[PDB]
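In what follows, a structure is listed as structure tokens, so that the remarks can point back to it.
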Amino acid sequence: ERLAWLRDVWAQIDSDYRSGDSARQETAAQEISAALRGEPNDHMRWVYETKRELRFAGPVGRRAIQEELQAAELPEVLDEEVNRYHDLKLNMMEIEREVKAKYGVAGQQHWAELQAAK
Amino acid sequence: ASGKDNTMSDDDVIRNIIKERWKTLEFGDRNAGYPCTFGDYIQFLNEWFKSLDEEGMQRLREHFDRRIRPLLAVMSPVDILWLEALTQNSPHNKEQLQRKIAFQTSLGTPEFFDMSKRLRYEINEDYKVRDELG
Amino acid sequence: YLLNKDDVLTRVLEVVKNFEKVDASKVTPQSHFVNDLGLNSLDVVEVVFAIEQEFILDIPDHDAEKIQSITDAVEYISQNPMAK
Amino acid sequence: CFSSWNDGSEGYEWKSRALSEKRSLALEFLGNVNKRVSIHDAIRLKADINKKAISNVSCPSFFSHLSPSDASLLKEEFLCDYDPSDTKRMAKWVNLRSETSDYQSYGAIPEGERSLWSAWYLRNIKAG
Amino acid sequence: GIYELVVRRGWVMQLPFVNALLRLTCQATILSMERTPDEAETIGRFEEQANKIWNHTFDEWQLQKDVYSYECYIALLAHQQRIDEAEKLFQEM
Amino acid sequence: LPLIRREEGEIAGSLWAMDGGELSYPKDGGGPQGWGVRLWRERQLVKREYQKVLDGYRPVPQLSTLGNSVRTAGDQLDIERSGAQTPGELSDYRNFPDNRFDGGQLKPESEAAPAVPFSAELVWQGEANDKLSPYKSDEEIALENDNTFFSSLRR
Amino acid sequence: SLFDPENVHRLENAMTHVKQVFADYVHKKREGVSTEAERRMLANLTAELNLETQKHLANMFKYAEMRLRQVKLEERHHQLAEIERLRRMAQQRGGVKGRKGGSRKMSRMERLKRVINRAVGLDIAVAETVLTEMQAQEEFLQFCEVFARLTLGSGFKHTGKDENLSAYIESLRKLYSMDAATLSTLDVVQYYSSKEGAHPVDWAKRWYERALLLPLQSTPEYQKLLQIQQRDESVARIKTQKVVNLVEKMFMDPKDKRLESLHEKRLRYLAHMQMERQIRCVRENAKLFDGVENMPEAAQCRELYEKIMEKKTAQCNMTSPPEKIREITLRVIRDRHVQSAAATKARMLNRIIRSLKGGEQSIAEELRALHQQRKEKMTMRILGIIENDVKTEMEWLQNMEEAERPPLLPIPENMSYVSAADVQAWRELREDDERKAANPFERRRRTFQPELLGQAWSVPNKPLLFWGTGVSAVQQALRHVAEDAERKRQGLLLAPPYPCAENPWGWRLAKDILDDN
């Protein structure tokens, strides 16, 4: 089932790559390159986050999100897969790099304070 | 601000005051602004227990089973020691515990504590089976 | 305005019977504290003040002086109209 | 100013204030035992007092053939008096409860990463 | 819906198909009896569907009831504890 | 309750007591068989069940007084102003501010109708949500949807 | 620009910063320390964000998919409303044509309207109908709110007792099934979705009717105006050559039997939208004018209360016969006219502006002004969203900070004392309580079951005295002071107050000052 679904997804991708439109071909090229380099998609990350939010949401919120997304045709994700995504820890080097890049000197000052706390 | 809830709850506004009064109880010096000290509370507990027959002790243990076992099971030993510090209400030992890093971090698990009501409900439904369906 | 006589008679007799110093079954509708029930002069004051706490009205010292048994308190409280 | 919008250590004065606000809020949420208390009506009364004070506080308002684009702009302002969809659409940009949601959502912070030396509040930082 | 879809196609209605419908209705009745013992209204609804099939559909499509048909109907009666009728059906078969 | 009972022992000790005997409580001598260890192991079992809740096998528990007693010291007020029986209910209270009553009360489910996208009117959505399409033949579905040369045509 | 889907990091950068400045403004405002510098910085940030929003307004339409969907929906709804107005105008032109076939002046007016529709891209008749409906709704809600305010003293209280959404959808269903007698859910949703802009009032009218216990459908001229407004607004080769739109064919026919649930859900959603709009428009009116209508004009409010009492006596009389009024209601209408004179801040001036635009001839300047207006309103919306976010975050954070305060001090009361009269009055309840305690089936179905840790308090059968109690303690105290004086003259000491091996817990008698020495 998942292979058929992402086969349709890459049908979209292939149609973009063959469209001729420069922007569409560009996007198809970067996504093909990311897939070949093996970096996992952000759509899947959003899918996992939304599935956990639906799991932990109240009834009216569940109905709202469920009716919003019911036509989107998102893949069937097992609770096990969502929990596997969520459980694995988050790295510290990427966080420090991102904060120092988004805030610069403030980022270095904050990280120095955090390490001093350590 | 509403007032209508109080109006309809006039038959049971007393329980609201009782809950708030139970909350607002603290231990200190009688001659000070506090109502009673930890020593007086402990003496009252000791003698209240001594004043119980076997039936009274059985009913007290039933109350323990129904009420404290859930909360006590869910709560961590650090949480129990923190509550002991609160009961003693001694600023110096409370300050020492606040200084201790391990005591600060591991207390805040209310989502985990929420299992306590399910545990209480199961124990109470078993006691209810016994005492009402018997 | 005025309570009937029997109610306060019952109130005072049970209130005095509930005193720790006194002994039950020695209380009759007519009895003297020091002589019959055996209480020192230093206790009749808190006796009249048990009657006070039952009848929140405040009784003056001069009138309390006139009360030395249970009957006298009975007439005083019964004839008081400001009582409840 | 216009340059204070960009990443790379520009706007430091308020960068630092917001960044340290997040740290202080997390430290208060985790390591403050005196903060874990049940309300005793002295919270209930003045919480509504502060609610009404904030509601009374007033936000300072500022001074405030045709082409198909012009026709669409006129039609949108003419036929539409109050759109309910755009209000929730603005949510994806304003991030309602941007700073409180991380702590008042359910199951967000895992138990393992719940120390003061941890950097859990930065997980959502994404540079340009 | 499958049944009416078939009669719309105009196919030749088959004894296995009618038996499948009868089995569906009888199993629904049995299973409702055992799981939701209340709602005798729904119990009788399922039972009426099963009886209507058994009593009219076979002669409507001119089919002869067979081993499987009697198997399903006797299963229904046995679950209903209608011993006399079920045993009568057995020895008549 | 059965899970905790099976492992280390009865939790409702004194549930079947008579005359003060037949008690199943831990020994008063703090040790490997005492209150600390017994409560630690009960804590482990409830922690296992809470991990199940987090993984989603089990339903989320309702809000408890013990849990309510912490609630950031500010979320208690929100819970009190709302019905707030479950954390999902509290989440809805916060995330749908237009659904509330006046005064802060929570409005029940039967009057919150989310918008339904027009994308559900697609032919493949109709086929997926219809329970007889798999048994309907290609010609039947073709005439059901389109009766024109576009769909006229094996197949 | 900033709002395009490539500067989202800068835009969150914007939320953080504007939130901080607005939080400072709120703090300094609620502390009565309003900062001119803070207000100026907020104005500068608002101007910068306003320039960004003006830049993004053109780019956002081309980039955002939701903006394109909204534009297409608006265009389709305008086309449908114009088609309905064109059917109405066709009926009107058929009626007038019988009156006069040579309608030269009306034809010239229609030609001018068509020229406007070509250049302006709008229907004057549709705009006028929408404006009239909106003005009638606004006037009706104002009148109803002031009437209820003065009659009962209460404004708008949206409580669970109100009309539910299921009842509302049922009411609309019956309304249309009686209007047409053949309207199914699909047709009902079709009509309501086509309209999508007619301001309903029926729910608010029902609530006000239930609040005032008087009919409102005939007496008020504004209700009559709204009702009349809604009443008056109420071959083969060619097809082969017509290209088949595959995107159309990708959708199944709307009159399909598999769409009933979808249509019912759409009806529910549209009814919820209508009810929420009604509640919203009543709510801002209540917060705007009801805060002053109740307190201000005390004499007029008292006169309205007297009129209400008169109408209440009249209603009691009417119920007596149902088991004068019109004059009283007209008096109350004349009274609320007084507030209407005080009523200001009309919201129908947008149509005045648009009428100016209609007669505009410097069209470029007017469209620039309209673009400025749109940019200003949308940046005001953005600022309002940010204000709500900052308000709620500040309230939450201050509530979090509020925890560590001390509790209130209870006020002292009379000593707990169960009167002798009280005790003797209801021993009968005591006997019944004992009898109920006897049998098992009704032990816990007893009145007055307090509890300490385990034990359940009964009803006391003796008065709880104070003054006579405490003789044993004082006697033992006399003995204790005798032995303690012996101790003092002998030079002895009690158990070691500090925690020792013999006394692990440090057990120490509380040294009182009166007894210290």
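Residue numbers (the numbering used here), protein chains in the order written: chain A, 94 to 211; chain B, 96 to 229; chain C, 70 to 153; chain D, 1098 to 1225; chain E, -18 to 74; chain F, 613 to 767; chain G, 19 to 535. Ideal placement from N, C-alpha and C gives every residue a C-beta, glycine not left out.
| Asked | Found |
| --- | --- |
| Separation of residue 664/F from residue 19/G, as counted between CA atoms | 47 Å |
| Reduced DSSP category for residue 474/G - H, G, I as helix; E, B as strand; rest coil | strand |
| Unbroken alpha helix (DSSP H) run spanning residue 489/G, endpoints | 489 to 508 |
| Per DSSP, the bridge partner or partners of residue 630/F | 633/F |
| Reduced DSSP category for residue 123/G - H, G, I as helix; E, B as strand; rest coil | helix |
| Proximal residues of chain F, C-beta to C-beta of residue 153/B below 8 Å | 626, 629 and 632 |
| Chain D contact for residue 765/F (CB, 8 Å cutoff) | no |
| Members of the region 476 to 493 of chain G that neighbour chain C once the beta carbon cut-off is set at 7 Å | 480, 481, 483, 484, 485, 486, 487 and 489 |
| Rounded separation between residue 246/G and residue 131/G - CA only | 25 Å |
| Three or more C-beta pairs below 8 Å linking the region 650 to 665 of chain F and the region 160 to 169 of chain B | yes |
| Where the region 681 to 695 of chain F meets chain D: residues whose CB sits under 9 Å from a CB there | 681, 682, 683, 684, 685, 686, 687, 688, 689, 690 and 692 |
| Contact between the region 23 to 31 of chain G and the region 10 to 20 of chain E (3+ Cβ pairs under 8 Å) | no |
| In chain order, each alpha helix (DSSP H) run of at least 4 residues that lies wholly inside the region 145 to 202 of chain A | 152 to 162, 172 to 180 and 185 to 196 |
| CA nearest to the CA of residue 224/B, picked from 627/F, 615/F, 616/F and 614/F | 627/F |
| Residue 269/G, DSSP secondary structure in three states | strand |
| Partners in chain F for residue 184/G, counting only beta-carbon separations shorter than 8 Å | 722 and 723 |
| Spatial distance of residue 292/G from residue 185/G (CA atoms) | 13 Å |
| N-terminal and C-terminal residue of the alpha helix (DSSP H) that residue 294/G is part of | 278 to 311 |
| Helix, strand or coil at residue 355/G according to DSSP, with G and I counted as helix | helix |
| Nonlocal neighbours in the same chain, by C-beta distance under 6 Å from residue 63/E, ignoring five residues either side | none |
| Contacts of residue 318/G in chain B (Cβ-Cβ under 9 Å) | What residue 318/G touches in chain B: nothing, since even the nearest Cβ is about 26 Å away. |
| Beta-carbon spacing of residue 77/G, residue 42/G below 8 Å | no |
| Chain B contact residues for residue 472/G, given Cβ-Cβ distances below 9 Å | 147, 151, 152, 153, 154, 155, 156, 157, 158 and 159 |
| Cβ contact check for the region 86 to 96 of chain G and the region 1166 to 1177 of chain D: 3 or more pairs under 8 Å | yes |
| Buried versus exposed call for residue 155/G [16 or more other C-beta atoms within 10 Å across all chains shown] | buried |
| Chain B residues whose Cβ lies nearer than 7 Å to that of residue 645/F | By Cβ distance, chain B contributes nothing, its closest Cβ being about 17 Å from residue 645/F, past 7 Å. |
| Cross-strand partners of residue 101/C (DSSP beta bridge) | 138/C |
| Touch test, the region 143 to 158 of chain G against the region 212 to 230 of chain G, Cβ-Cβ under 8 Å, three pairs minimum | yes |
| Local conformation of residue 648/F per DSSP, three classes | helix |
| Exposure of residue 174/G, with buried meaning 16 or more beta-carbon neighbours within 10 Å | buried |
| Continuous alpha helix (DSSP H) stretch holding residue 84/G: start and end | 83 to 117 |
| Those residues which DSSP pairs with residue 131/B across a bridge | 122/B |
| Selection from 25/G, 499/G, 65/G and 52/G that minimises the alpha carbon distance to residue 390/G | 65/G |
| Contact check, residue 722/F vs residue 183/G, beta carbons under 8 Å | yes |
| Within-8 Å CB hit, residue -9/E to chain F | no |
| Best match in 412/G, 368/G and 410/G for proximity to residue 392/G [C-alpha to C-alpha] | 368/G |
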